[PDB]
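Colleague: This is the structure I want to talk about, given as structure tokens.
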Amino acid sequence: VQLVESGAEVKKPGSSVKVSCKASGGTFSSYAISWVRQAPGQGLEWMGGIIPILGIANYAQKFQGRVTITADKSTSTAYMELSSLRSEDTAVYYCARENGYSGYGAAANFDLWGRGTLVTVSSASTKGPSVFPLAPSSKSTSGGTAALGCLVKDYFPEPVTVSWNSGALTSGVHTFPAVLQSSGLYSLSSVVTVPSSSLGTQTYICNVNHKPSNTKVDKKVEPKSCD
Amino acid sequence: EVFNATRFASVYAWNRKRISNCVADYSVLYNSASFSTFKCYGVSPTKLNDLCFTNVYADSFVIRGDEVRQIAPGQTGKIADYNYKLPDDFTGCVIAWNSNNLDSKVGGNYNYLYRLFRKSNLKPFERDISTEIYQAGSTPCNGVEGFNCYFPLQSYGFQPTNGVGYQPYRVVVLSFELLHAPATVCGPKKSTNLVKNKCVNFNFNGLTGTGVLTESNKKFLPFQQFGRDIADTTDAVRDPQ
Amino acid sequence: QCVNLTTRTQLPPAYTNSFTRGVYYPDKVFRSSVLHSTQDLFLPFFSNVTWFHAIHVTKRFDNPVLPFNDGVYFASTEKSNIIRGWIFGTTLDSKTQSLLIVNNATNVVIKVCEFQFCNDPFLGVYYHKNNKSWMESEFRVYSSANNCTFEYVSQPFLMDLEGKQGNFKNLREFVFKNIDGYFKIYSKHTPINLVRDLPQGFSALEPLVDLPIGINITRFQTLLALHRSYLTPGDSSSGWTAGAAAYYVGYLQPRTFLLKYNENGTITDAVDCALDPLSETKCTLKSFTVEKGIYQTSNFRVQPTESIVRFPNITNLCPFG
Amino acid sequence: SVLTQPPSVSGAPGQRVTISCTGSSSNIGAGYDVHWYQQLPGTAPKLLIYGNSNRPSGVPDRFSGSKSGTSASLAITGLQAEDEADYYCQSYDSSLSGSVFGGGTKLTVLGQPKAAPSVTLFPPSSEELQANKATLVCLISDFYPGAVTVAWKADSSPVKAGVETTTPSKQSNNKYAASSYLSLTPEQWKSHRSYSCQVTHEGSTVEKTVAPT
Ligand SMILES: *[C@@H]1O[C@H](CO)[C@@H](O)[C@H](O)[C@H]1NC(C)=O
Ligand SMILES: *[C@@H]1O[C@H](CO)[C@@H](O)[C@H](O)[C@H]1NC(C)=O
Ligand SMILES: *[C@@H]1O[C@H](CO)[C@@H](O)[C@H](O)[C@H]1NC(C)=O
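Residue numbers (the entry's author numbering), protein chains in the order written: chain H, 2 to 228; chain A, 340 to 580; chain B, 14 to 70, 76 to 339; chain L, 2 to 214.
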């Protein structure tokens, strides 16, 4: 079968996170289900495994009593609750399945895995984004091409997609990734190469959508008059 | 940490520890005056430190108070045949004690599991972690909790307010291996009180001489053990104490 | 991983003479005021020994694969700790139990395993611009390893990573033997002020730890370390530097030596029996002082070099079965 | 933790490449089976081989697993265009009371030839100056590979504050592009005479400056 998980989710440093694990079909109420995490920089850890039949918790000695995993038999799902988050919890969790066997070793193997849930916690929480226009000058346009775009600043959280004329511009578009600043903030940019013969007859606008903030700014872009 | 820890494992997946490149003394494990039952076959409990073996396999798990008599070769039950089988040539040394103040709590402690159903027997010294639903008939069930399909793994009934024959007993078995190889871990000779200025007999790893041990006034270099003289006679041995 | 070198000019090795070198403790017992002789692997005095250079000012870098015999003598008047460690093996193709005894800047690593030894494993010290210190960054000794059994860690020892071009101030001797498969290491530091032609001084060698590996060693090779300063472009092809070092490689011969023990119990003098008739008489009479008179040391037997076995006027064959 | 792994391993496309997993005598050498996984950067890891004796459905037979005493080994034959991932060593540990993974080794070819870069320096606009901040951008595009060292200067001293570099991503024409920001204030933006971002790429240094006045 296939196990689906939730998408990206951000929270506060010291609050509780609520994610879930859905199962498509069956073969979920008969085998054990564990949770394996992965963080860029170190190896893979193992918090614990929960059995859905008896409902018995089995964690590790390296993790203290701060995470609780429950199971449901009515809809065949599992939930994960973790409070008092720290600055190291920026990782991704996986909803794995265990299938035991017989032999001299008898080790726990992970034959079936999940999709993944990106849980990133940091400062500089959700706020109002601000986009600034960008126009070329007389020195930057020496040939028959021009470079302009829109700069997105103080936006949170990820992901954020940019668009040009509601997707009417395809050739010459480029989306730049984000970066970690000194205060936990991100910044991106996007520039398009257009000829100078269309700078006086057609305008360029940027449409930015933000589903976590439910905001959508529509700013104008005009060439500079001094240069 | 194998004896004193924060928690233990179950019987279907127990802790396996190997003692290699180490040395220990089984004298402290005998005068503890804290164990409930102590059985040790294949060798006497008081003369197992002189003779030593190649490897030491130690397994630790939990069991009830009425099942401590089942850890023996030559009987059939429900736990000794589906979780850990004992062969005929079993020279192990089992130790058990009662520590109900840590593995039990109010409300019902059901942390550890056990296997109850199995298709057939198993070869001794083999772990079984199969969580497949044991079918008792001839029709499949697609892993459901209905007819003809019961789950072999069942919970416990540990409670700190029970009697004596139903309490969680920490049971451990120390088995020895005999192969064509040097002793990775061996019982060492015990020390004896230090005596000097009398006619004694000592064996300092290189000789067995009878004489006295007088206090010398010369210090040797820290790389030798013995010492000869002009007449070619070993009359100066450094005490490793 | 390792890289290949380029063909350049080198200097041929020279042959020098030793002066009372290669004396160690032949046993682990205490002796005093006794003149006892034993039969072990020592170095004959006034013998022809090889000499290899390691100075830059040119570009002298020679590390051949010399065959390891029963007992060697590796003496080096180390000044700035250029030589890091030594390797051992038979064919160096990840087929036998090779040895790796290196002395890094953190701890001594004695790991006898099946590492992939390349043609010329060498250490690399790079000089940083921000930090004014010599740090080791190019760790090119082996490729990888699959499975191993033996692993031992020795005591930590500090080393200096800065290489100069001045005169030497210390002298280190290394003796590696192999009996019953046991590995013996004799090392002792002795300060001295000389660049070549070692003096006639006397100094014993005390062992540190015995390594029961139980394998056979037939070849050995020493490791050298280079520096990467701002004067060189930083490539290990034609531009590099090695400072100044000089190590001696000698083969121990099975010759009996008469040792002298004082009241403290240290070795003071060494007398051979197969080098000089005077020393032979001194070691056979069991006395360091010989008066006037005639003595008998050994016998003189002429070994036959030819064998004339022939049978004339006779022949025939046999029908077996 | 208790399981170590080499950080990198080199190989050739057509030879045999092996790796080793080393731990203790209580997790791998005690008798427990080992499990190898593949961590591809961009999808979930799957099962490759369990117990070093059986073959699951959907895996090729080129992977070979064996246990030589206290160490496990993985051997492959032939490097295809899908081996740009990480291999981990997983075994059941009794001292940790659970399963623990290894370190992870990287095995991939950069395939990153050099290319001539082209930089663009853009001054901030007039609408950005009243927001009490100054974001000096410096966009680099059409270069290969994506390893550019970004430095800033104000004609009298290098700037070691507010410098940020982003990672470059692949374009549609097999090129890379990135941008560097500089967080400053508009009060000190007009006092200095000029600003510039200096970069290098295999010795090639391209310098571009602007003037606010
Ligand atoms: C044995 O231990 C005692 C005390 O721990 C110490 O004084 C003595 O030097 C030791 N002997 C050795 C290490 O040979
Ligand atoms: C040797 O012993 C004598 C007296 O027994 C002493 O004076 C001298 O310092 C010792 N030599 C050493 C320790 O080098
Ligand atoms: C055979 O013997 C005769 C006399 O003994 C001798 O002259 C002749 O040379 C011999 N032939 C050989 C040795 O071939």
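For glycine and all other residues, C-beta sits at the position ideal for the given N, C-alpha and C.
(1) Out of B/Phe275, B/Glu309, B/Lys304, point me to the one whose CA is closest to B/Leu293's CA.
(2) Which runs of the alpha helix (DSSP H) at least 4 residues long sit entirely within the stretch 43 to 97 of chain H? Give them in chain order.
(3) Is there a C-beta anywhere in chain B that falls below 8 Å from the one on A/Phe541?
(4) In this structure, does DSSP put L/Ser74 in helix, strand or coil?
(5) Just mark B/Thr240 as buried or exposed, buried being the case when its beta carbon has 16 or more other beta carbons within 10 Å.
(6) So does the stretch 23 to 34 of chain B actually touch the stretch 548 to 555 of chain A, counting three or more Cβ pairs closer than 8 Å?
(7) Count the other CB atoms, across all protein chains shown, that sit within 10 Å of the CB of H/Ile57; report buried if there are 16 or more and exposed otherwise.
(8) Closer than 8 Å between beta carbons: that is the criterion. Which residues of the stretch 22 to 56 of chain L meet it against chain A?
(9) Using a Cβ-based criterion (distance less than 7 Å to any ligand heavy atom), does B/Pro225 qualify as near ligand 1?
(10) Need the endpoints of the beta strand (DSSP E) that B/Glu156 sits in, please.
(11) Which two residues bound the contiguous beta strand (DSSP E) that contains L/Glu129?
(12) List the DSSP bridge partners of L/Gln199.
(13) At least one CB of chain L closer than 8 Å to the CB of A/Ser438: is that the case?
(14) Among the candidates A/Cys538, A/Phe515, A/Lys537, whose CA atom is the shortest distance from the CA of A/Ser359?
(15) Cα separation between B/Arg246 and B/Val70?
(16) I'd like to check one pair, H/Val153 with H/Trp165: are the Cβ atoms closer than 8 Å?
(17) What's the C-alpha gap between B/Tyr38 and B/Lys310?
(18) Please tell me whether, using a cut-off of 7 Å, the distance from the CB of B/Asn282 to the nearest non-hydrogen atom of ligand 2 is below it.
(19) Who are the Cβ neighbours of H/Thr216 in its own chain at under 8 Å, not counting the five residues just before and after it?
(20) Which residues of chain A have a Cβ atom closer than 7 Å to the Cβ of H/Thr28, listed in chain order?
(21) Would DSSP call B/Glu324 helix, strand or coil?
(22) Let me check understanding here. Comparing Cα to Cα, which of B/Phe43, B/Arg102, B/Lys182 lies closest to B/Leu176?
(23) Between H/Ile70, H/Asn59, H/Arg38, which lies nearest to H/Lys19 when the distance is taken from Cα to Cα?
(24) Does the Cβ of L/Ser92 have 16 or more other Cβ atoms within 10 Å, making it buried, or fewer, making it exposed?
(25) Per the DSSP calculation, B/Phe201 is bridged to which residue(s)?
(26) Name the DSSP bridge partner or partners of H/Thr216?
(27) Whose Cβ in chain H lies nearer than 8 Å to the Cβ of A/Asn450?
(28) With DSSP collapsed to three states, give me the class of H/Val132.
(29) Kindly list, in the order they appear in chain H, the residues whose Cβ is closer than 9 Å to that of A/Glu554.
(30) Hey, is B/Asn334 close to ligand 3, as in C-beta under 7 Å from one of its heavy atoms?
(31) Can you name the residues of chain H whose CB is closer than 8 Å to the CB of A/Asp398?
(32) Any chance the CB of A/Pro579 is under 7 Å from a heavy atom of ligand 1?
(33) Count the other CB atoms, across all protein chains shown, that sit within 10 Å of the CB of B/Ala263; report buried if there are 16 or more and exposed otherwise.
(34) Do you know offhand how far H/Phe133's Cα is from L/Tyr196's?
(35) Assuming B/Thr302 is part of the alpha helix (DSSP H), what are its boundary residues?
(36) Taking A/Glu465 as the query, report the chain H residues whose CB atoms sit under 9 Å from its CB, ordered along the chain.
Modeller: According to the structure shown:
(1) Sequence index remark: in the third sequence, residue 293 of chain B carries index 275 (1-based). The shortest Cα separation from B/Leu293 among B/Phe275, B/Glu309, B/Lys304 belongs to B/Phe275.
(2) none
(3) Looking up residue 541 of chain A in the second sequence gives position 202. No, A/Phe541 does not count as interfacial toward chain B.
(4) Position 73 of the fourth sequence, counting from 1, holds the residue named residue 74 of chain L. Strand.
(5) If you number the third sequence from 1, residue 240 of chain B lands on position 222. That one is buried.
(6) no
(7) What you label residue 57 of chain H is simply residue 56 of the first sequence in a count that begins at 1. Answer is buried; the Cβ neighbour count reaches 16.
(8) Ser26, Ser27, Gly30, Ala31, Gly32, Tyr33
(9) Sequence index remark: in the third sequence, residue 225 of chain B carries index 207 (1-based). Checking the Cβ of B/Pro225 against ligand 1 gives no.
(10) Residue 156 of chain B sits at position 138 when you count from the first residue of the third sequence. From DSSP, the beta strand (DSSP E) with B/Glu156 extends over 152 to 158.
(11) Within the fourth sequence, residue 129 of chain L is the residue found at index 128, counting from 1. Premise fails: L/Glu129 is in no beta strand (DSSP E) and is neither H nor E.
(12) The residue given as residue 199 of chain L occupies position 198 in the fourth sequence. BP columns for L/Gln199 point to L/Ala152, L/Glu208.
(13) On the second sequence, position 99 is the one that residue 438 of chain A refers to. Not an interface residue.
(14) Indexing the second sequence from 1 puts residue 359 of chain A at position 20. If we check each option's Cα against that of A/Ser359, A/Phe515 comes out closest.
(15) Here residue 246 of chain B refers to the residue found at position 228 when the third sequence is read from its first residue. Here residue 70 of chain B refers to the residue found at position 57 when the third sequence is read from its first residue. Taking the straight line joining both Cα atoms gives about 15 Å.
(16) To locate residue 165 of chain H, count along the first sequence from 1; it is residue 164. To locate residue 153 of chain H, count along the first sequence from 1; it is residue 152. Contact: no.
(17) Within the third sequence, the letter at position 25 stands for residue 38 of chain B. Within the third sequence, the letter at position 292 stands for residue 310 of chain B. Computed Cα separation, rounded: 32 Å.
(18) For the purposes of this step, residue 282 of chain B is identified with residue 264 of the third sequence, where counting begins at 1. Yes; taking the cut-off as 7 Å, the Cβ of B/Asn282 has a heavy atom of ligand 2 nearer than that.
(19) In the first sequence, the residue the question calls residue 216 of chain H occupies position 215. Within the same chain, H/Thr216 has close Cβ partners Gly129, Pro130.
(20) Taking the first sequence and counting its residues from 1, the one referred to as residue 28 of chain H is at position 27. Ordered by position in chain A, the residues that pass the 7 Å Cβ test against H/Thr28 are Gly482.
(21) The sequence position of residue 324 of chain B within the third sequence is 306, counting from 1. The answer is coil: DSSP assigns B/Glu324 none of H, G, I, E or B.
(22) The residue given as residue 176 of chain B occupies position 158 in the third sequence. Selected option, being the one with the closest Cα: B/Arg102.
(23) Against the first sequence, residue 19 of chain H aligns to sequence position 18. Considering only alpha carbons, the answer is H/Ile70.
(24) Working through the fourth sequence from its first residue, we reach residue 92 of chain L at position 91. Answer is buried; the Cβ neighbour count reaches 16.
(25) Translated into positions along the third sequence, residue 201 of chain B becomes position 183. Looking at the DSSP assignment, B/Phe201 forms a beta bridge with B/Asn196, B/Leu229.
(26) As a working note, residue 216 of chain H is residue 215 in the first sequence. According to DSSP, H/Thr216 bridges with H/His211.
(27) For the purposes of this step, residue 450 of chain A is taken as residue 111 along the second sequence, with counting starting at 1. Residues of chain H passing the Cβ test: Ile57, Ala58, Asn59.
(28) Position 131 of the first sequence holds residue 132 of chain H. If DSSP states are grouped into helix, strand and coil, H/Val132 belongs with the strands.
(29) Sequence index remark: in the second sequence, residue 554 of chain A carries index 215 (1-based). Per Cβ cutoff of 9 Å: no residues; A/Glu554 is ~53 Å from chain H at best.
(30) Taking the third sequence and counting its residues from 1, the one referred to as residue 334 of chain B is at position 316. Answer for B/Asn334: no, Cβ out of range of ligand 3.
(31) In the second sequence, residue 398 of chain A corresponds to position 59, counting from 1. The premise fails here: A/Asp398 is roughly 13 Å from chain H at the closest Cβ pair, so nothing lies under 8 Å.
(32) Within the second sequence, numbered from 1, the residue matching residue 579 of chain A stands at position 240. Yes - ligand 1 has a heavy atom lying nearer than 7 Å to the Cβ of A/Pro579.
(33) For the purposes of this step, residue 263 of chain B is taken as the residue at position 245 of the third sequence. Buried.
(34) By 1-based counting over the first sequence, the position of residue 133 of chain H is 132. By 1-based counting over the fourth sequence, the position of residue 196 of chain L is 195. Each residue's Cα considered, the two are about 20 Å apart.
(35) Numbered from its first residue, the third sequence carries residue 302 of chain B at position 284. Start and end: 295 to 302.
(36) Working through the second sequence from its first residue, we reach residue 465 of chain A at position 126. Result: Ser103, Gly104, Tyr105, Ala107.
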